[PDB]
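Read the structure below first, then the notes.
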Amino acid sequence: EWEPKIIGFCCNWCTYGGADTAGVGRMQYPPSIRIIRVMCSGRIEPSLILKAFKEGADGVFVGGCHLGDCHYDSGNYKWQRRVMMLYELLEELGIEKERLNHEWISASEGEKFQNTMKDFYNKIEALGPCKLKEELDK
Amino acid sequence: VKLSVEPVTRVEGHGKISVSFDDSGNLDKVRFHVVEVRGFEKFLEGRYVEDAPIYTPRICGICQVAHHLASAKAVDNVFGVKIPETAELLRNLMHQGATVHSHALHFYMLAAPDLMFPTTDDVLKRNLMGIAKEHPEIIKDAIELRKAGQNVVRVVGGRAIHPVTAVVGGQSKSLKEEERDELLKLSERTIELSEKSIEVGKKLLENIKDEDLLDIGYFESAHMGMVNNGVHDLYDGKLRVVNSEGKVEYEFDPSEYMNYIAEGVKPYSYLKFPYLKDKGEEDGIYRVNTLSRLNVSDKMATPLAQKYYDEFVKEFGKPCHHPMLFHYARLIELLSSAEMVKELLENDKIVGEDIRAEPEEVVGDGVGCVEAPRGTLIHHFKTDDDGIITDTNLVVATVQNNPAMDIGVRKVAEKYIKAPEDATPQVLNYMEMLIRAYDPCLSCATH
Amino acid sequence: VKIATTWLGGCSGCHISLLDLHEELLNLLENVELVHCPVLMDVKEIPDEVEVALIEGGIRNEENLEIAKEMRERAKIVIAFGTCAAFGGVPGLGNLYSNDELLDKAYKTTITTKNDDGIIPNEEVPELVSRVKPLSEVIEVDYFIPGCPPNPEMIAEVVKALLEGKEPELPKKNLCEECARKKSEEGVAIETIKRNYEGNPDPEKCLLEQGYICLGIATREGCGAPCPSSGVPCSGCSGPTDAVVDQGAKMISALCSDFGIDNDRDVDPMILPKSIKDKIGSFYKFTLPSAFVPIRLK
Ligand code: NFU
Ligand code: SF4
Ligand code: SF4
Ligand code: SF4
Ligand code: FES
Ligand SMILES: [Ca+2]
Ligand SMILES: [Mg+2]
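Chains as they are written, first to last, in the entry's author numbering: chain D, 3 to 140; chain F, 2 to 448; chain E, 2 to 299.
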């Protein structure tokens with residue numbers, strides 16, 4: 003009946019490519035996620051993640067280059083500092099830390115992307131839907 | 002017939018008076034309702050205890066200083082730190098400046114319209130603008146008094162509305178010698194205008210006595226106020242309670258307030274009904290601020306205010322229970338605060354550079370207390386080892402005058418109303434005049 | 002011009018700031034007709050044909066909601082007067098708790114409360130709205146004057162612009178331009194995060210650079226930055242700029258980015274989250290109701 007709504011933010015140089023590799027390899031995974039492209043994980047910040055939850059996201063995924071492999075040298079180091087604060091901000095707002103997932107996935111890591119999507123889907127599916135949007139509509 | 006005065010005007014906050022009659026046309030029920038609540042006591046849980054003096058001022062825009070200082074005091078107790086003498090002086094200077102602004106605001110902007118025009122049917126005349134058209138000097142002087150008060154708050158507190166200098170251990174900034182000198186020059190004028198205001202009040206309260214409105218809402222009760230060795234003090238001392246006949250019943254350090262004060266709840270109002278815990282709701286009713294503070298004090302700490310106080314005590318006795326006399330006691334306090342501003346500025350320690358002490362280990366509890374312009378103000382915070390608030394209790398001034406307002410408004414209707422035809426605009430305003438005599442701040446009271 | 006004022010879930014501070022025009026208030030009232038103002042006059046009902054309406058406070062109860070809609074239908078121009086009306090304000094922190102929790106504390110579990118019956122006032126008092134909401138969430142707002150409270154001069158400039166048939170213009174920059182503190186040409190770099198009581202701040206150097214959480218970077222200018230000038234960090238009471246929806250999110254983004262920036266690749270990203278024990282209170286003191294996630298889910 004219910005299927006989780008997951009939004010993804012993937013950097014063009016690595017994770018977006020890693021998602022493309024999974025596609026070329028026909029590596030199947032659940033159809034809950036809808037990926038948004040950015041040039042760097044450094045583009046991601048709390049406003050975008052929080053905006054996703056307000057709209058109705060049950061889970062939010064962020065994919066970037068491995069630490070030290072950023073196409074723009076160090077954008078992911080900034081995102082990494084932001085996400086750590088964001089995990090705890092979400093808990094204060096009653097949004098489970100586990101509804102947010104960040105991973106470092108390279109341009110050719112299709113298998114990793116596939117398994118990450120499977121694991122994140124099962125985690126959100128087990129948590130059930132996020133009741134934020136319903137509470138805000140009341 | 003169900004009449005309702007809503008909103009109560011020329012008061013801070015949201016209040017209303019309901020007046021009801023039975024099927025036979027006789028007066029049945031008269032109640033004072035406060036229709037607002039925000040929940041500061043609960044939402045402060047989880048906050049950094051040092052941010053309390055940033056949040057509590059937002060309880061009220063008139064008396065934000067009192068809250069800033071009551072929180073700062075509770076916070077200093079949570080961090081087990083005794084602040085330097087200079088900080089205490091700067092804090093008290095800010096507090097006295099705020100009291101000048103609050104008392105001037107209430108007497109002239111809110112109360113005077115009724116004292117000047119108690120029998121008019123024109124509401125467009127019964128306000129600040131109406132007084133200004135006939136007597137512009139009265140309002141120009143009121144504006145000067147307020148400006149002076151707010152200037153002291155801005156200089157010592159950084160901001161006239163919601164000061165920010167009372168920090169953990171003391172003050173975040175010192176009063177520069179140049180600033181102290183200018184405030185000291187301007188200080189004489191404030192005392193002068195405050196002294197001129199007492200005569201205005203005498204003359205205006207004489208007009209009230211001529212219309213038999215001096216006894217409106219009269220009832221006897223206990224009275225509470227802060228005293229420093231028996232002397233009137235709005236910043237430091239112990240809380241003294243006197244009975245209706247003037248004998249001292251209690252004298253206690255603010256940290257023990259939970260063993261003396263109790264707060265009842267009624268279904269018709271968001272404002273609680275406090276009382277002396279041991280006496281009960283029937284026999285334990287008490288009042289706070291101006292007249293109550295004068296009633297518990299042996300004397301005023303300033304020379305000019307003491308003369309008007311001694312002259313007043315000889316005429317009306319002690320303790321005085323007249324709600325309308327709170328206006329007069331307010332003016333005495335306005336002068337006393339103006340005098341204290343000069344006294345604190347004349348102290349050489351006011352310009353000192355030792356303004357803050359290092360915070361000590363976190364003591365899980367802290368009670369901060371000051372006499373806000375509208376009554377005893379108590380901020381009580383409980384925290385964890387990291388200084389994160391776990392529980393809080395705020396006994397905010399006007400809440401303690403809630404029973405008096407609910408009783409007084411009833412006594413007014415009993416004296417002037419027998420049938421719905423008697424509930425005329427002037428009589429309904431007499432009920433509001435009683436509420437206004439206590440200088441209620443309902444945002445404060447409910448928090 | 003016929004103007005009216007009212008207050009909702011605020012503190013009265015904005016009306017007090019209007020009174021802080023002092024001698025200038027009388028000059029303003031000469032060129033304007035004040036037809037409704039509960040704190041100053043006894044006109045009980047909002048009259049028809051109001052031109053400008055200054056609505057203070059956010060939405061906290063059903064009565065505020067009623068009055069907001071009432072003033073909207075009678076006023077031609079509606080102004081969200083102050084940070085509470087514009088963003089929710091400090092009362093907005095109640096959104097971190099259920100209304101039942103707020104009321105139970107105030108009327109049952111506070112230490113001085115004696116209520117054995119456990120009653121919650123429910124007669125002749127309005128029920129609270131599910132959560133604090135900015136004025137714009139319930140009615141169409143034409144303009145807004147940010148600030149907790151807005152400085153008197155800004156309030157006059159806005160009203161005077163409407164009197165002259167001109168469009169009011171709010172300042173657009175963040176607070177650092179106005180702030181008198183010294184900023185490094187090299188840029189901001191934060192080594193450690195301190196609570197306001199920790200350490201002894203340098204009175205000349207920027208407070209954010211010193212490790213204190215100063216909201217000036219994510220807050221609109223206009224106040225004159227009296228807080229850093231008075232020795233304490235900015236708490237962000239003027240709210241965000243026109244280009245930032247969620248003030249707290251942007252402040253967190255900026256802070257996280259410059260934290261350990263001189264040791265960018267090696268700084269432990271766990272230091273900052275562990276250092277801030279109260280994240281919502283640090284970044285959403287005045288704007289929680291206007292944030293993307295404005296409540297704590299229960
Ligand atoms: N004076 C005052 Fe407040 Ni607006 C009240 N009542 C606080 O303690
Ligand atoms: S904005 Fe600040 S000042 Fe204006 S009401 Fe809300 S709290 Fe009081
Ligand atoms: S102190 Fe706060 S406001 Fe002043 S510059 Fe540094 S950050 Fe900007
Ligand atoms: S400095 Fe920050 S907090 Fe202080 S007034 Fe300006 S905006 Fe409000
Ligand atoms: S480009 Fe992949 S994280 Fe910077
Ligand atoms: Ca309380
Ligand atoms: Mg806090």
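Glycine is no exception: its CB is placed at the ideal position from the N, C-alpha and C atoms.
Residue i at chain E interface by Cβ criterion, 7 Å
i      : result
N152/F : no
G98/F  : no
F55/D  : yes
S76/D  : yes
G96/D  : yes
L91/D  : yes
Through-space distance from residue j to residue i, alpha-carbon basis
i           : j      : result
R375/F      : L22/E  : 24 Å
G353/F      : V368/F : 27 Å
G285/F      : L129/E : 31 Å
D269/E      : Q211/E : 19 Å
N175/E      : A181/E : 13 Å
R147/F      : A99/F  : 9 Å
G238/F      : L94/E  : 33 Å
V413/F      : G218/F : 5 Å
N116/E      : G26/F  : 34 Å
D440/F      : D182/F : 33 Å
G226/F      : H102/F : 20 Å
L55/E       : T23/D  : 58 Å
residue 1/E : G261/E : Within the shown structure, residues of chain E are numbered from 2 to 299, placing residue 1/E beyond reach of any answer.
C224/E      : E24/E  : 21 Å
Beta carbon proximity, residue i to chain D, threshold 7 Å
i      : result
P274/E : yes
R266/E : yes
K173/E : no
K280/E : yes
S131/E : yes
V294/E : yes
Among the options, the one whose alpha carbon lies nearest that of residue i
i      : options                       : result
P153/E : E179/E, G10/E, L20/E          : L20/E
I38/D  : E90/D, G10/D, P48/D           : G10/D
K186/F : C321/F, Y287/F, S19/F, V342/F : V342/F
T120/F : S222/F, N208/F, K3/F          : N208/F
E165/E : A81/E, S231/E, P227/E, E52/E  : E52/E
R331/F : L106/F, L176/F, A167/F        : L106/F
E3/D   : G61/D, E127/D, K140/D         : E127/D
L102/D : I35/D, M41/D, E136/D, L69/D   : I35/D
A59/D  : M29/D, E98/D, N14/D           : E98/D
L240/F : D254/F, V9/F, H328/F          : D254/F
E105/D : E5/D, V64/D, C42/D, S49/D     : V64/D
Chain F within 7 Å of residue i, Cβ atoms only
i      : result
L19/E  : no
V139/E : no
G95/E  : yes
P92/E  : yes
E52/E  : no
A107/E : yes
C180/E : no
**Request:** Spell out a yes or no on whether the segment 356 to 364 of chain F and the segment 79 to 91 of chain F are touching, meaning 3 or more CB-CB pairs, one atom from each, closer than 8 Å.
**Result:** yes
**Message:** Between the segment 241 to 248 of chain E and the segment 210 to 227 of chain E, can you find at least three pairs of beta-carbon atoms closer than 8 Å?
**Reply:** yes
**Prompt:** Enumerated in chain order, which unbroken segments of the beta strand (DSSP E) with a length of 3 residues or greater are wholly contained in the segment 307 to 382 of chain F?
**Reply:** 366 to 373
**Request:** Give a yes or no on contact between the segment 32 to 46 of chain F and the segment 154 to 168 of chain F, applying the rule of three or more CB pairs nearer than 8 Å.
**Result:** Contact fails: fewer than three Cβ-Cβ distances are below 8 Å.
**Prompt:** Quick check: the segment 260 to 280 of chain F against the segment 114 to 124 of chain E, are there 3 or more CB pairs under 8 Å?
**Reply:** yes
**Asked** Is it true that the segment 416 to 431 of chain F meets the segment 118 to 130 of chain D, where meeting means three or more beta-carbon pairs spaced less than 8 Å apart?
**Response** Contact check between the segment 416 to 431 of chain F and the segment 118 to 130 of chain D: fewer than three CB pairs, one atom from each, fall below 8 Å, which does not count as touching.
**Asked** Mind pulling the alpha helix (DSSP H) runs of 4 or more residues that sit fully within the segment 106 to 194 of chain F?
**Response** 113 to 117, 129 to 135, 137 to 158
**Prompt:** Quick one: complete beta strand (DSSP E) runs, 3+ long, within the segment 45 to 122 of chain D?
**Reply:** 61 to 66, 102 to 106
**Every unbroken beta strand (DSSP E) within the segment 112 to 199 of chain E, with a cutoff of 3 residues, ordered by chain** = DSSP runs (the beta strand (DSSP E)) wholly in the segment 112 to 199 of chain E: 129 to 134, 144 to 146.
**Request:** Count the C-beta pairs between the segment 298 to 306 of chain F and the segment 229 to 248 of chain F that are closer than 8 Å, then say yes if the count reaches three, no if not.
**Result:** yes
**Asked** Is the segment 288 to 296 of chain F touching the segment 319 to 327 of chain F in the sense that three or more CB pairs, one from each, lie closer than 8 Å?
**Response** yes
**Asked** Taking the runs of the alpha helix (DSSP H) that are 4 residues or longer, which of them lie wholly in the segment 205 to 254 of chain E?
**Response** 227 to 230
**Request:** Specify whether the segment 401 to 420 of chain F and the segment 110 to 117 of chain F touch according to this definition: at least 3 beta carbon pairs, one from each stretch, less than 8 Å apart.
**Result:** no
**Asked** Would you call the segment 164 to 182 of chain F and the segment 38 to 48 of chain E touching, i.e. three or more CB-CB distances under 8 Å?
**Response** no
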